[PDB]
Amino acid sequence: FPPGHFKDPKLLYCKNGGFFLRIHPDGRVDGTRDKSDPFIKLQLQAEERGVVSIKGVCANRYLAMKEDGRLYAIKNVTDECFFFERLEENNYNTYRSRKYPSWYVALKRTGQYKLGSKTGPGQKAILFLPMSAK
């Protein structure tokens, strides 16, 4: 197979409570502290420069942000599935919706997602550290 065929999985660790982003088979998105959870293994695929999509390996669904700010995961990629990936001062990344460019992927400290319209650049909720899934 040509280069890039097999995608290297990653975890996304949210600084706000220390949860790994989790994508469930039914499309729900939340966080968990169990590093052995099969549903936290993600593929971060580079799309255009500085933009990624985020796929749950086991759920086989793409992270998307809906026009009402809700986070969910869908089986087929749409324009709601693309995020600007920006490196931050504390070595974490942020993921900002390309379709709705004031809104970020984010978790509350309960482990539930934070509505996109409530997010913003200074929040702990939007900070994710890519980690090895090995």
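Counting begins at 1, following the sequence as shown.
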The stretch whose C-alpha atoms carry the larger average B-factor in the entry, 3 to 11 or 123 to 131, is 3 to 11
Higher of the two mean Cα B-factors (68 to 76, 98 to 106; per PDB record) comes from 68 to 76
Entry-reported C-alpha B-factor of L44 relative to its chain, by third, is middle
Sorting the chain's modelled residues by C-alpha B-factor and splitting them into thirds places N93 in the lowest
For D26, the third of its chain by CA B-factor is the highest
Binned into thirds over the chain's modelled residues, the C-alpha B-factor of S53 lands in the lowest
